[PDB]
Every structure is written in structure tokens, then in C-alpha cells.
Amino acid sequence: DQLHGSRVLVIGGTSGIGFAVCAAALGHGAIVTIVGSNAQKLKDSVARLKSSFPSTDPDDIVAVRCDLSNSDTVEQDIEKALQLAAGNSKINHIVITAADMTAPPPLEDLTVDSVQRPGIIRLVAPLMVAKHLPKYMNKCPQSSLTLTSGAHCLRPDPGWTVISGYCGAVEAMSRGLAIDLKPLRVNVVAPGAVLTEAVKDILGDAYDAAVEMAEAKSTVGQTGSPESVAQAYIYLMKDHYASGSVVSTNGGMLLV
Amino acid sequence: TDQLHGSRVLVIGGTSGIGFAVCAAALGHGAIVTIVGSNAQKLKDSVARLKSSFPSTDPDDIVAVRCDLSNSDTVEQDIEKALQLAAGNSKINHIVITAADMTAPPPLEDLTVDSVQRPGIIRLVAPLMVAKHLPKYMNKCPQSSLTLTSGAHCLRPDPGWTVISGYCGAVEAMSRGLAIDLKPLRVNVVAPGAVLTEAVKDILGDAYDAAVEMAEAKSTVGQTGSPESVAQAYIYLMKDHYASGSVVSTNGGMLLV
Amino acid sequence: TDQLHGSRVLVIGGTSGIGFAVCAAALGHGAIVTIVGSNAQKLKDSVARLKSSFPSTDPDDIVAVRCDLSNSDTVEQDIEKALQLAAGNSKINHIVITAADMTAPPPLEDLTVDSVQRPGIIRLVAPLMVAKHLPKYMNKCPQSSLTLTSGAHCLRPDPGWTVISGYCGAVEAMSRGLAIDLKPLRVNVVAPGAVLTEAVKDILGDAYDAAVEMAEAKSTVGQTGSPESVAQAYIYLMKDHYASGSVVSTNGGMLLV
Amino acid sequence: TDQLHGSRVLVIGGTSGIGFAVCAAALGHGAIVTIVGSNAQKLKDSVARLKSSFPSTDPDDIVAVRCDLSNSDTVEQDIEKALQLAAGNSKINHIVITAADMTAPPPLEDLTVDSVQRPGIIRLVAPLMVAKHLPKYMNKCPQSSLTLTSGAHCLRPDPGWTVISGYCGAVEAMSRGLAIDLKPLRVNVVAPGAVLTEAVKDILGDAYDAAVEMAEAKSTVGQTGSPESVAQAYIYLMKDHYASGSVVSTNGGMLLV
Ligand SMILES: NC(=O)c1ccc[n+]([C@@H]2O[C@H](COP(=O)([O-])OP(=O)(O)OC[C@H]3O[C@@H](n4cnc5c(N)ncnc54)[C@H](OP(=O)(O)O)[C@@H]3O)[C@@H](O)[C@H]2O)c1
Ligand SMILES: NC(=O)c1ccc[n+]([C@@H]2O[C@H](COP(=O)([O-])OP(=O)(O)OC[C@H]3O[C@@H](n4cnc5c(N)ncnc54)[C@H](OP(=O)(O)O)[C@@H]3O)[C@@H](O)[C@H]2O)c1
Ligand SMILES: NC(=O)c1ccc[n+]([C@@H]2O[C@H](COP(=O)([O-])OP(=O)(O)OC[C@H]3O[C@@H](n4cnc5c(N)ncnc54)[C@H](OP(=O)(O)O)[C@@H]3O)[C@@H](O)[C@H]2O)c1
Ligand SMILES: NC(=O)c1ccc[n+]([C@@H]2O[C@H](COP(=O)([O-])OP(=O)(O)OC[C@H]3O[C@@H](n4cnc5c(N)ncnc54)[C@H](OP(=O)(O)O)[C@@H]3O)[C@@H](O)[C@H]2O)c1
Ligand SMILES: CC1(C)c2[nH]c3ccccc3c2C[C@@]23CN4CCC[C@]4(C[C@@H]12)C(=O)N3
Ligand SMILES: CC1(C)c2[nH]c3ccccc3c2C[C@@]23CN4CCC[C@]4(C[C@@H]12)C(=O)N3
Ligand SMILES: CC1(C)c2[nH]c3ccccc3c2C[C@@]23CN4CCC[C@]4(C[C@@H]12)C(=O)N3
Ligand SMILES: CC1(C)c2[nH]c3ccccc3c2C[C@@]23CN4CCC[C@]4(C[C@@H]12)C(=O)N3
């Protein structure tokens with residue numbers, strides 16, 4: 001594997017998809033830097049990651065708490081996470097899955113700041129990553145930055161139009177960063193229905209009616225496993241020719 | 001013959017360029033047009049020629065309102081005023097939004113948190129505020145339409161205008177979400193290519209002639225797009241009562257070479 | 001005032017359904033329409049039904065030609081003749097192709113090499129034969145247009161019409177290739193959704209009523225597409241001299257739910 | 001550690017180019033590879049190349065069969081032998097199709113009904129014949145995959161390859177239909193960009209060095225695609241048990257410039 005000695009920055013690797021990416025990354029022996037905002041399960045996630053890979057050097061699994069939902073500190077924090085992840089070396093791949101995980105208000109009660117508050121973590125944080133990565137990454141086709149969107153960008157869930165919009169912005173912005181940061185490669189993974197611990201939290205009591213309706217809306221009779229969706233991120237790290245692309249893993253939900 | 005005769009159109013951003021050609025086309029079909037802009041004068045100037053290129057129309061079918069949508073205070077109450085004015089005694093039949101800041105972004109080496117967020121109030125919050133308040137001034141019927149604006153830069157972004165390609169990418173995704181939020185009302189996007197509007201003359205300054213010639217060369221047609229040809233996409237989307245959630249791309253085959 | 005008045009329109013497949021509505025819309029703008037079909041009876045009925053909806057139109061603006069484009073040994077020759085009389089004295093301005101066999105394919109249990117290959121003559125070979133010979137009969141100029149036909153089934157295919165989803169997917173890609181082969185002439189595609197033409201009731205037989213509800217429900221609008229609304233997409237692509245390499249999708253938001 | 005270890009992979013078109021790189025990658029994970037080609041020599045030679053780069057693998061994990069899929073008789077029966085072979089006593093886990101004629105089409109001045117039709121036997125009929133017979137040789141299970149092949153030319157067609165761009169458009173649409181026909185089995189497409197296989201040098205001849213220089217410049221990366229990088233997309237779809245109905249594009253950003 002050519003991801004053995006690799007340094008990968010997983011912005012949002014404390015839970016769900018991003019965590020599965022650090023598990024997959026550690027399976028190939030890479031050095032993984034994790035970024036989250038909750039200090040306690042960031043201890044739990046990183047402690048959880050070296051008992052599933054106990055032969056891996058513990059110093060190759062580093063964590064930092066960063067709050068990227070706040071307009072100050074995010075440039076200072078993104079720059080700090082790139083310093084920690086780069087170390088003496090340069091970072092080889094960056095993965096961003098961080099999202100605010102909050103239900104928007106209905107459209108009749110839409111507020112100006114309601115529209116803008118997601119943009120800080122969906123748009124401003126990656127752009128600050130794109131702002132500062134040349135100093136911490138070599139702009140060569142062997143390095144990658146991968147952003148996150150979803151199938152909801154084409155089949156929006158009801159109530160979620162605004163965040164459904166921002167994922168549309170992530171995909172267009174991804175392509176622009178492939179020109180801004182060329183020949184460095186940047187791409188997007190667009191997952192479908194992944195039953196992460198966060199999703200269980202969002203829908204609460206309406207969860208099981210939603211799981212069965214998600215399973216029914218797939219060519220597979222399934223929702224997506226977190227470690228299978230993680231293969232899309234690993235793919236874009238190993239494919240030194242993929243750039244400006246959208247990797248869609250949705251179980252055929254857009255076909256039914 | 002024409003079903004846009006008695007129909008009411010609100011063109012948010014119709015004072016120049018593409019939006020103005022949409023108001024000209026709408027009045028060519030006899031529609032009642034309300035125009036929204038920010039420059040106080042040049043808003044009379046386009047209102048002046050449209051009763052002078054078609055004096056046929058009753059002068060009260062061409063009404064105008066000044067709105068500043070670049071500032072987060074003022075945006076909900078300004079669109080609300082323009083919707084009361086376009087609807088009048090009836091309800092609005094079609095809404096067209098072309099309003100955009102049209103100012104050069106910084107390079108991303110000097111990217112600031114404010115550079116990223118300020119385009120969104122006119123590109124994202126203004127249309128969402130339209131979607132918030134249009135039900136009381138439009139009937140939610142498939143004979144009604146709301147059309148947003150995109151570009152080919154959403155798929156082939158201009159160096160480096162990455163941040164605003166994102167917002168146009170957000171416009172397309174948001175369009176689809178609003179097509180289900182406002183069902184059975186129709187929501188769509190127009191994605192123009194290279195149109196030589198009076199703003200583009202201003203933004204390109206001295207690099208204009210080198211850019212016009214490379215735009216004509218990046219086309220299957222050997223030309224740039226007329227504003228009056230692109231306006232047909234907005235007029236088309238008002239007449240097609242089955243088109244919703246779609247992107248009408250008119251770019252001279254630019255994405256093909 | 002209208003720029004489709006003197007123009008020559010050839011609708012390959014204008015004897016029924018969507019293509020027929022395109023000739024109705026074209027005649028509303030005063031165009032000279034040549035109709036092409038394979039059924040001598042559906043071709044006399046179509047020209048008769050168009051001289052009772054437009055009695056003021058000159059009878060020479062509605063001429064028809066009989067062509068069987070499902071057969072390989074004469075599809076090139078038939079296309080050639082259709083072109084020559086549609087141009088007449090002058091040149092052809094726009095060509096619209098909707099022709100399709102509209103017969104259910106066999107299930108995958110009985111798929112045959114010929115089942116897969118026969119549709120290609122009318123879906124792929126006839127349009128390519130049109131592009132091969134139109135230069136003597138059209139000005140390859142941006143005010144000229146060639147429009148092919150696709151559907152939403154190319155992205156949401158219907159069971160078991162997988163093979164015809166393939167051919168409609170092939171039409172969209174070649175559309176883009178012919179915009180470069182035929183540049184600066186304009187080539188585009190319309191992708192309709194659910195249009196209840198007379199061919200569609202024939203395929204659905206007794207399951208028709210259950211299928212209409214199914215479609216109606218599965219759309220953002222509460223409707224199927226009118227033939228006269230989908231026809232707006234073809235007329236639009238004739239009026240927008242900048243639209244090229246594009247896909248005009250008319251689906252009632254079916255791809256959103 | 002590896003879940004492609006006991007896995008049986010059928011690479012239809014693995015004697016050269018991309019499909020060959022897919023068989024190399026599969027054997028790196030310990031998969032059992034069945035290779036299909038039409039050149040007996042290439043096929044033995046290709047199998048010889050693979051057991052000298054992997055001398056430790058059991059030679060029975062590298063089995064080959066000669067198939068001519070260019071002809072209407074024997075193509076269903078050759079697909080059927082190849083399925084028995086790959087399956088053996090177990091069932092097939094993944095199928096990869098890269099087989100293509102790789103010959104320059106004639107110009108449109110000499111376009112014939114047969115030049116158009118003939119590619120469809122290997123572009124469309126062979127995969128459909130694979131989907132027709134694989135259920136007795138594959139589970140219809142989410143852990144098994146069928147991967148077809150398209151390319152970036154389906155969206156930015158190279159001249160004069162319009163007809164072959166069309167067939168690649170059919171493969172992607174057919175992929176989506178086959179993802180529903182064979183559900184819950186997974187069906188997908190890989191859309192490579194510029195890969196300098198020996199077949200591409202054969203087509204480009206003396207214009208090769210000028211063509212690679214213009215291909216490298218038309219990418220965001222300053223390179224063409226490695227066969228070993230593009231093969232990772234096929235391996236990925238074996239690895240992602242949630243990917244279905246998708247297009248994995250690996251083109252070096254050529255569609256951005
Ligand atoms: N799951 C799906 O079906 C689906 C579909 C489409 C798109 N997506 C996108 O996939 C990505 C991953 O989603 P997920 O299912 O894995 O949910 P998740 O487990 O909640 O992932 C969120 C990650 O981001 C962190 N985070 C939350 N707020 C943060 C903040 N202000 N600043 C920095 N980090 C923050 C979280 O750490 P903390 O513990 O500190 O909060 C966590 O590590 C998201 O972008 C999502 O929008 C998911
Ligand atoms: N022309 C092209 O080649 C091209 C290409 C791709 C995309 N587009 C997009 O198409 C749309 C039309 O562009 P255009 O070429 O026609 O330029 P334009 O003539 O300047 O159109 C701008 C319209 O919106 C108004 N406007 C600007 N800022 C406003 C603000 N804060 N509040 C309210 N109204 C405001 C303008 O009037 P004021 O004078 O009062 O500001 C004008 O009526 C834009 O969204 C553009 O991004 C254009
Ligand atoms: N209806 C829908 O909902 C829908 C949706 C998506 C896509 N489409 C596609 O749009 C196109 C039009 O479909 P439609 O609904 O209008 O069905 P249609 O009424 O049967 O249209 C078929 C047209 O093509 C002609 N035609 C058929 N075979 C011919 C042949 N060998 N030679 C010459 N002409 C031939 C027909 O005339 P003859 O009487 O001589 O056969 C007729 O004018 C089709 O390609 C269809 O697949 C339709
Ligand atoms: N390289 C690119 O730039 C590029 C770009 C887009 C798409 N693609 C697509 O990628 C696929 C792979 O191409 P490639 O470049 O790897 O070319 P390649 O090496 O020529 O691949 C051809 C493969 O197909 C087999 N094949 C050809 N004709 C056959 C027949 N009649 N029966 C059975 N097998 C047959 C060949 O075997 P024999 O020669 O043994 O018969 C060989 O295994 C092709 O579909 C190509 O169009 C390639
Ligand atoms: C819609 C959602 C509540 C949901 N409902 C499910 C049912 C079954 C399996 C997964 C889900 C999910 C995951 C989602 C996907 N959406 C993409 C942008 C906003 C949202 C909301 C959230 C998100 O971030 N996670
Ligand atoms: C890039 C731009 C300066 C430009 N350069 C040209 C050269 C030749 C012909 C047209 C143009 C245009 C029109 C554009 C298209 N872009 C889409 C989003 C931002 C921007 C900027 C502006 C816009 O709104 N109008
Ligand atoms: C599938 C079909 C029988 C169908 N079943 C419906 C139920 C409700 C409303 C509309 C339909 C339609 C319209 C379709 C769409 N398909 C696109 C290519 C082939 C086909 C077949 C036909 C076509 O041309 N018209
Ligand atoms: C067009 C082609 C001759 C070509 N010309 C190049 C110049 C520089 C770098 C790469 C190429 C290629 C690779 C291509 C891509 N096309 C996709 C379908 C048919 C074809 C033909 C062939 C293919 O399979 N490989």
C-alpha cells in the first residue's frame with residue numbers, strides 16, 4: 001500500500017462516516033489526525049481507535065478539538081489542525097465530514113441567520129482548509145482533499161432545503177478547488193442513507209419509520225454501512241487520477 | 001393565443017442585462033412586469049425604454065421598485081414589498097430572479113470569512129425569502145413558476161471564482177428543494193453561459209477583448225450569447241406547465257470543448 | 001415581429017403525440033411544417049387535423065411525406081427525400097425528431113440479439129443519417145437547430161425497459177457529439193417525463209388507470225405532462241440561438257420524489 | 001484482512017489495457033480471476049504476464065477463455081461459457097466489462113447503417129447477455145457487483161467519435177436499468193478519461209506525441225491516467241457494498257478546463 005506512510009487529516013472523524021474513514025485509513029497503516037468539537041467522545045473515539053488497532057503506534061493517532069461552527073477561531077483552528085497534522089512532514093490527504101447536525105426551521109419561520117449559520121462549517125471551514133493547505137501539503141496529484149455532500153443534493157429531503165442547498169455548493173466549490181489547487185486533487189463523496197449515531201439522534205422517535213422507508217427507497221434492501229461508505233474516501237486517496245469528481249454511494253436510491 | 005397576456009411577472013433584478021431582456025420578452029407577450037433593482041436612476045432608464053419600445057402596453061403594467069438585497073437587514077421586508085407590488089389586486093403568476101452582486105472576489109490566499117458569506121444574502125437568502133412569502137401573493141398551481149439563475153461556471157468554474165460557483169451550485173440544489181417545498185408550484189433554474197451584459201463590460205475592464213475572444217472560441221457556436229436569446233429560457237419555463245426542478249442550460253455548447 | 005414565421009420546420013415523427021403537438025405549436029408561429037411518419041393513415045389524418053385547427057394557414061405550409069425509418073435498406077434514402085422537399089426552394093431551418101417504435105420490449109428472459117439491435121435503426125441510425133445529409137439542406141448556422149428526444153427514464157428507467165433507457169441515453173451523448181460534428185449548428189435534446197399520448201395508453205392497456213395515478217402521485221406537480229406543454233421545449237430550442245449541447249428536461253419534478 | 005481473498009472475479013476484456021490492470025489489482029487482494037478476450041495469444045500471454053508478477057499465487061486462480069463477442073451468433077453462448085468458467089463450482093462475486101472494438105470509426109461522409117450498428121453487439125448486447133444469464137452464476141446479493149465501462153467522451157466527445165460516444169451513453173443508462181433488473185445486486189459504471197494503453201497508441205499512430213501533450217494540458221493534473229489508478233475504481237466498487245446505479249469518473253479533471 002502507498003497509504004502506509006501517509007498522513008491523512010480527517011476533519012470530523014469523531015463519529016459516523018468520518019470515524020469509519022479513520023478506521024479504514026488505520027487499516028492501511030496511515031497516520032490519522034482527527035478533528036472534532038466534543039472533547040469527551042473525542043477522547044472516546046481516539047481511545048477507541050487504538051484498541052481496534054493496538055499494534056499501530058499510538059502517536060500516529062492524534063486528536064484536536066476544534067469548533068468550526070463559529071466565525072472567529074475557524075481560520076485560526078483550521079491552521080492549527082494543519083500544523084498538528086502536518087508536523088515536520090506534509091499531509092497527504094484531507095477528509096472533511098464535519099457538519100452541524102441540526103434540524104432547520106420550517107420555511108414559514110425561516111430567518112436570515114438560519115440560512116447563513118450552516119455556511120460557516122459547510123463552506124467557510126473547507127475554504128480555510130483550501131486557504132492554508134499549500135503550506136502543509138505538496139500540490140501534487142498524489143495528494144487529495146475530499147469533501148462531503150449527499151444524494152439529497154439531487155433528491156432533497158423535505159424540510160432540509162437550505163442544507164440541501166449547501167451540499168450543492170460543496171459540489172460546485174469542490175470543482176473550483178480542483179482548479180485553484182491544481183494539480184492537487186479534490187473530490188466529493190455523496191452518501192445516501194447511512195445510519196450513523198447522529199441520524200438516530202436527529203429523528204428520535206420517528207427513526208424506525210424512516211429506516212424502513214430508507215431501506216425501501218434503495219435498489220439494495222439496505223441502508224449504507226458506515227465502513228462501506230468509507231471506501232469511497234479511501235478510493236479517492238488511492239486513485240491518483242481522480243479529481244473534480246463526485247463519488248456517489250447511495251444504494252441506487254436515485255433509481256427508485 | 002398567448003397565456004402570458006394577463007399574467008403578472010416580478011423580475012427581481014430586471015434593471016439590466018439578462019433580467020431586462022426577460023422583461024422585454026414578457027411585454028412582447030403582453031405581460032404585466034414589475035422590475036426590482038438597486039440603482040435608483042438607471043431603474044427609471046430601463047423603465048423609460050420599455051414604454052418606449054412598446055408604448056402599446058398600458059403604462060401601469062410597467063411598475064418598478066427599488067430594493068437593496070445586499071444587506072441582511074432590509075431583505076425580508078424589501079422582497080415582501082416587491083411581492084405586494086407585483087401582486088397588487090391579483091396574485092403573481094411568475095417570478096424571475098437574476099440579482100447578483102457582480103463584484104470580483106479576492107484570491108483565496110487572502111480569503112476572508114466575510115468574502116465567503118456576503119454573496120449568500122443576495123444569492124441564497126433573497127430567493128429563500130421569496131419562497132417564504134410568495135404563497136400569500138401567488139397561487140400554488142402548476143401554471144405558476146419561480147425561476148432562479150445559475151451558470152455554466154457551476155460545472156466549469158472560472159479561475160478563481162470558486163466561491164461564487166459554489167453559490168450557483170447552491171442555487172441549483174436549493175431550486176430542487178423549493179420545487180418540493182412549494183409543490184405544486186414550479187421551481188427551476190436557468191444556467192446561462194457567456195452573455196455580454198453591461199456588468200460584464202464593467203467587471204472585465206481592460207481584459208474585456210481578450211476574454212470576449214476566448215469565450216467565442218470556447219463555443220460550438222462561434223459567438224457569445226445574446227441577452228435576448230437567453231431570455232427565451234425564462235419565457236419558456238413560464239409557458240411549460242410541466243417543467244419543474246429542471247436546469248435550462250444555454251451556453252453555446254461551451255461545455256463540450 | 002416573430003422569428004419563426006418564415007422558417008422551415010421538419011418534424012420527423014409528427015403524426016402523433018409529442019411530435020404532433022410540436023407541429024401544432026410551430027404552425028401557431030406561422031412556420032412551414034413538413035411531417036414525416038410511417039402510417040399513411042395517421043399521416044393523412046394528421047395533416048387534416050392541422051388544417052381544421054389552422055384554416056387561415058396556406059395549405060402549402062402543411063405538407064407530409066411517408067417514411068419507414070425502421071428499415072435499414074431504405075432509411076438513408078427516405079431521410080434524404082424528406083430533407084429535399086422540406087427545404088423546398090430554400091433551406092430547412094429546424095429539424096425535430098421524436099420517432100420511436102413505442103412497443104414494449106421483451107423481458108430479459110427472452111432477450112435476443114435482434115431485440116437489442118432493431119431499435120437502433122430508428123433511435124440511432126435515422127438521426128445519424130439526418131446529420132449526414134442535412135448540410136445540403138440546412139445552413140449550419142447558430143440560428144439553425146436540430147433537436148433529438150430523450151426521457152427522464154434515461155435517469156429513472158422503467159421496468160423492464162432497460163434497453164430503451166440505453167438507447168435514450170445514447171441519444172443524449174450523440175446529441176453532444178453532433179453539436180461538435182455539426183458546429184456551429186445547434187443540436188439539443190428534450191427529455192420529457194410522463195406524457196399521456198395515444199401510444200402510451202396502448203402500451204398500458206388495462207393497467208393504464210393505475211399507472212396514471214402512480215405517475216401523478218410521483219411528481220411535484222399533481223399532473224402528467226400535456227403534449228402542448230412538452231412542445232414548448234422544442235419551440236424554445238428553436239428560439240434560443242445560444243442553446244447547444246443541452247438537455248431540456250420536462251418531468252413534473254418526478255426526479256425529485 | 002482482505003475481503004476480496006476468496007472472491008471470484010470475471011474480467012470480460014482483461015487481456016489488455018484497463019481490464020488487465022483490473023486483473024492485476026484483483027490478484028493483489030488474492031481474488032480468483034477469469035480473463036476473457038478474443039485473441040488467443042494475448043490471452044495466454046496476458047496470463048503469462050500475471051503469474052510472473054505473482055509467482056506465489058496458485059496458477060488455478062488465473063484462468064482464461066477466448067471469446068469473440070463481436071458477432072451476433074455465439075455471443076450469448078460465449079458469454080454463457082465464460083460464466084460457467086468463472087463460477088466453477090462456486091458462484092461469481094464480481095464481473096468487470098471493458099471489452100471494446102477500439103477502432104477508429106469512419107467519418108460521417110462514409111457513415112453506414114452497419115458501422116453504427118456493429119459496436120452495439122459488444123457495447124450493449126454482450127453486457128445484456130451477461131445480465132441475462134448471471135443469476136444462475138451469481139447471487140443477486142448486495143456484496144456482488146457488475147461494473148460496466150463508459151468514458152469522459154460521453155460528456156466531452158472527441159471527433160470523430162460521436163457514434164462511440166453514443167454507445168457509452170447507452171452503457172450508463174443501461175447500467176441504471178440493470179441496477180433495478182438485477183437488484184439487490186449492484187451495477188455501476190467507471191468513466192475513465194485519458195489512459196495511454198497500447199490500443200490508444202495503435203489508434204493515434206504518429207499523432208501520438210502531439211495527442212498526449214494536448215491531453216496532459218487539458219487536465220487539472222498535468223498527466224494522463226495510469227491504468228493502475230483507473231483500475232482502483234473497479235476495485236472500489238467491489239469494496240463498496242452500497243454503491244449502485246453510480247458513475248465513478250476518473251479523468252484528471254479534464255471536464256474542468
Ligand atoms: N449520514 C447520511 O446519510 C448523510 C447523507 C448525506 C450527507 N451526509 C454528510 O456526511 C457527513 C458525515 O455525517 P455523519 O453521518 O457521519 O454524522 P456525524 O457522526 O455527526 O459526523 C459529524 C462529525 O463532525 C463533528 N462536528 C460536529 N459539529 C462540529 C463542529 N462545529 N465543528 C467541527 N466538527 C463538528 C463531529 O464531532 P463532534 O462530536 O464534536 O460534534 C463529528 O466528528 C456530513 O457532512 C453529512 O452532512 C451524510
Ligand atoms: N452575463 C453572463 O455572462 C452570466 C454568466 C453566468 C451567470 N450569470 C448570472 O445571470 C444573472 C444576470 O447577470 P447579468 O449579466 O444580467 O448582470 P446585471 O445586468 O448586472 O444583472 C443584475 C440585476 O440585478 C440588480 N442588482 C445587482 N445587485 C443588486 C442588489 N444588491 N440588490 C438588488 N438588485 C441588484 C441589478 O440592478 P442594479 O443596477 O440596481 O444593481 C440588475 O437588475 C446573474 O446572476 C449572473 O451571475 C451571467
Ligand atoms: N409519451 C411519453 O411520456 C414520453 C416520455 C419520454 C420520452 N418519450 C419519447 O418521445 C418520443 C415521442 O413519443 P410519443 O409519446 O409521442 O409516442 P408516439 O405518438 O407513438 O410518437 C411516435 C412518432 O414517431 C413516428 N414513428 C414511429 N415509428 C416510425 C417509423 N418506422 N418510421 C417513421 N415514423 C415512425 C410515429 O408515426 P407513425 O404513426 O407512422 O408510426 C409518430 O409520429 C418517443 O421517442 C418517446 O420514447 C415519450
Ligand atoms: N483508455 C482510454 O482512454 C479510455 C477512455 C474511455 C474509455 N475507455 C474504455 O475503456 C475500455 C478499455 O479500453 P482499453 O483502453 O483498456 O483498451 P484495450 O486494451 O484495447 O481493451 C480491449 C479489451 O477488450 C477485448 N476485446 C476487444 N474486442 C473483443 C471481442 N470481440 N471479444 C472479446 N474481447 C474483446 C480485448 O481483447 P483482445 O484484443 O484480446 O481481443 C481487450 O481485453 C474500452 O471500452 C474503452 O473504450 C478507455
Ligand atoms: C435527512 C436526515 C435527517 C436523515 N434521515 C435519515 C434516515 C435514514 C438514514 C439516514 C438519514 C438521514 C441523514 C441525514 C442526511 N441529510 C443530508 C443533509 C442534512 C441531513 C439530514 C439527515 C444530514 O446531515 N444527515
Ligand atoms: C466571470 C465573469 C467576470 C465573466 N467573464 C466573461 C468573459 C466573457 C463573457 C462573459 C463573462 C463573464 C460573466 C460572469 C460569469 N460568472 C458567473 C458567476 C460570477 C460571474 C462573473 C462574470 C457572473 O456573474 N458573470
Ligand atoms: C414506460 C411507458 C410504457 C409508460 N408508462 C407510463 C405510466 C404513466 C405515465 C406515463 C407512462 C409511460 C410513458 C413512456 C415512457 N418510456 C420512456 C421510453 C419508453 C417509454 C415507454 C412508456 C415511452 O416512450 N413513454
Ligand atoms: C479518442 C481516442 C482515440 C483518444 N485520443 C487520445 C489522445 C490523448 C490521450 C488519450 C486519447 C484517446 C483515448 C480513447 C478515448 N475514447 C473514448 C471512446 C473511444 C476512445 C478512443 C480513444 C477510447 O476508448 N480511448
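Both ligands and their constituent atoms are indexed starting at 1 by order of listing. Chain identifiers are assigned alphabetically (A, B, ...) following the order of the sequence lines, protein sequences preceding nucleic acid strands; residue numbering begins at 1 within each chain.
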Test item: side-chain donor near acceptor, B/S249 and B/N251, under 3.5 Å = no
ask   = Short question: side chain of C/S165, backbone of C/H153 - any donor-acceptor pair under 3.5 Å?
value = yes
task = Mark up the atoms of ligand 7 that fall under 4.0 Å of a heavy atom belonging to C/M102, in ascending order.
result = 23 (C), 24 (O), 25 (N)
remark   = the protein heavy atom lying closest to atom 19 (C) of ligand 5 turns out to be A/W160 CE3, 3.4 Å
key: A/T219 (side chain) donor-acceptor with A/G251 (main chain) under 3.5 angstrom   = yes
query = Nearest protein heavy atom to atom 16 (N) of ligand 7, by residue and atom, and its distance?
reply = C/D158 OD2, 3.8 Å
request  = Look at atom 23 (C) of ligand 5 and say whether a protein heavy atom is found at less than 4.0 angstrom from it.
outcome  = no
key: Shortest protein heavy-atom distance from atom 18 (C) of ligand 7, along with the residue and atom involved   = C/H153 NE2, 3.2 Å
key: Which segment of B/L204 sits under 4.0 Å of ligand 6 when only heavy atoms are counted   = side chain
task = Examine the proximity of ligand 5 to A/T223 and report which part, side chain or backbone, both or neither, has a heavy atom under 4.0 Å away.
result = neither
ask   = Given that the side chain starts at C-beta and the backbone is N, CA, C, O, which of these parts of C/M214 lies under 4.0 Å from ligand 7, counting heavy atoms, or is it both or neither?
value = neither
ask   = Does atom 1 (C) of ligand 7 have a protein heavy-atom neighbour under 4.0 Å away?
value = yes
message = Below 4.0 angstrom, counting only protein heavy atoms, does anything approach atom 10 (C) of ligand 6?
response = yes
key: Derivation and outcome, side chain to side chain donor-acceptor pair (under 3.5 Å), residues C/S229 and C/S226   = CA-CA 5 Å; C/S229 279; C/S226 166; 4.6 Å; no
message = Tell me whether B/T224 contacts the main-chain N or O of B/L196 through its side chain, where contact means a donor paired with an acceptor under 3.5 Å.
response = no
key: Ligand-side contact atoms (ligand 5) for residue partner A/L195, heavy atom cut-off under 4.0 Å   = 8 (C), 9 (C)
query = If we ignore angles and hydrogens, is there a donor and acceptor under 3.5 Å between the side chains of B/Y234 and B/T149?
reply = yes
message = Between B/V189 and B/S175, is the side-chain contact (heavy atoms from CB on, under 4.5 Å) condition met? List the steps.
response = CA-CA 7 Å; B/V189 196; B/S175 185; 3.2 Å; yes
request  = Would you mind checking which non-hydrogen protein atom is closest to atom 8 (C) of ligand 7, with the distance to 0.1 Å?
outcome  = C/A211 O, 3.5 Å
Ligand 5 atoms in contact with A/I163 (distance to a heavy atom under 4.0 Å) = 18 (C), 19 (C)
task = Kindly say whether A/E215 contributes a backbone atom to a donor-acceptor pair with the side chain of A/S218 at under 3.5 angstrom?
result = yes
inquiry  = If we ignore hydrogens and angles and just use 3.5 Å, is the side chain of A/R175 paired with the main-chain N or O of D/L256 as donor and acceptor?
reply    = no
query = Has the side chain of B/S150 got a donor or acceptor atom that lies under 3.5 Å from a matching backbone atom of B/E172?
reply = no
request  = Using a strict 4.0 Å cut-off to heavy atoms of C/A194, name the atoms of ligand 7 that fall inside it.
outcome  = 9 (C), 10 (C)
query = Nearest protein heavy-atom contact for atom 12 (C) of ligand 7: which residue, which atom, what distance?
reply = C/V200 CG1, 3.6 Å
message = Can you name the atoms of ligand 7, numbered from 1 with element, that are less than 4.0 Å from a heavy atom of C/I203?
response = 3 (C)
